[PDB]
Amino acid sequence: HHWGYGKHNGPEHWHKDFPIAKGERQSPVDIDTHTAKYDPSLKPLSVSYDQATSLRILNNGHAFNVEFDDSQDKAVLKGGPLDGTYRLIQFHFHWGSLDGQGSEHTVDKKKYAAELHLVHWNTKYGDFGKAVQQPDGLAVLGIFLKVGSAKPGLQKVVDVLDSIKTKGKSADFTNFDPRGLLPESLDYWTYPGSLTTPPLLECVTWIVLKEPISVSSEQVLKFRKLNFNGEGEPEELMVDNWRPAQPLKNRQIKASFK
Ligand SMILES: [Zn+2]
């Protein structure tokens, strides 16, 4: 009986195996747009993904990750509230069983159909494993997805899901350009938080974009066809793999815009 999102191993049970679940800087949180502070000292984000090298896509049992080669500064995030260079290692999504839920972060209590997380780690720490043990170890770019028009840049991802239907399956996934997943504007909210899945370490600097991207009902429907289970085990659709909002606990959310 390990963690999951079902009735018996869901987010509400995680604190038993991971006490930090009830910690002081847990994520996600609800972003109250009228309480967030405009901080003009925040620089614009600098996303250099031109030399990104995707390597494979994997179904790990709780979501699907697209992994990148992070052995060099090929795809990096700088600027904003960050000190130093953060390398992109993987990206994944959080989605629901219905279009009205799925995102982890909420804006004025509004839930989106899904949320994309682009995970980066601070290079001063040498590797992802060391970075997660530091308060400024990770930088995660969060992007909301709403249902409407199709996103062409996401179709390549949608088309291969069939080959990694169950837990443990992986497939080569080269030459995917993550720049096709970015919205027009890079305005954002930022606050110090944690990973939203166990081990739930409080090593993340969250950068949540104001502008969501649109995907079609057909694209999100294919996400819902994935399984939490491994091949040959009873089928459990991979849906609602999101953690609900946690207490802000006197943290302050800053906005790069007004
Ligand atoms: Zn995530």
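Just so you know, ligand 1 is whichever comes first in the structure, and atom 1 is the first atom listed for that ligand. Any value given below was found using the heavy atoms of this structure, including those in side chains, with hydrogens, waters and symmetry copies removed. This chain uses plain numbering: 1 for the first residue, then up along the sequence.
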I need the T33 OG1 to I31 CD1 distance, nearest 0.5 Å.
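Nearest 0.5 Å value for the OG1-CD1 distance: 9.5 Å.
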List-wise, which protein N, O or S atoms are found short of 2.8 Å from the Zn ion (ligand 1)?
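You should have found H92 NE2, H94 NE2, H117 ND1.
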When you check the gap from the basic side-chain N to the acidic O, do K124 and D136 get nearer than 4.0 Å?
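Looking at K124 and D136, the cut-off is met.
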Look at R56 together with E67 and state whether they make a salt bridge at an N to O cut-off of under 4.0 Å.
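Salt bridge: yes.
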Can the positive tip of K210 be found less than 6.0 Å from the middle of the six-membered ring of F257, inside 45° of the ring normal?
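Yes, cation above the ring, under 6.0 Å and within 45°.
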Any side-chain heavy-atom pair of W95 and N241 under 4.5 Å
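Answer yes - side chains close enough.
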Do you know which of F91, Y49, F68 makes ring-ring contact (aromatic ring centres under 6.0 Å, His included) with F176?
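Testing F176 for a ring-ring contact (aromatic ring centres under 6.0 Å, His included) against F91, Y49, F68 leaves exactly one candidate, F91.
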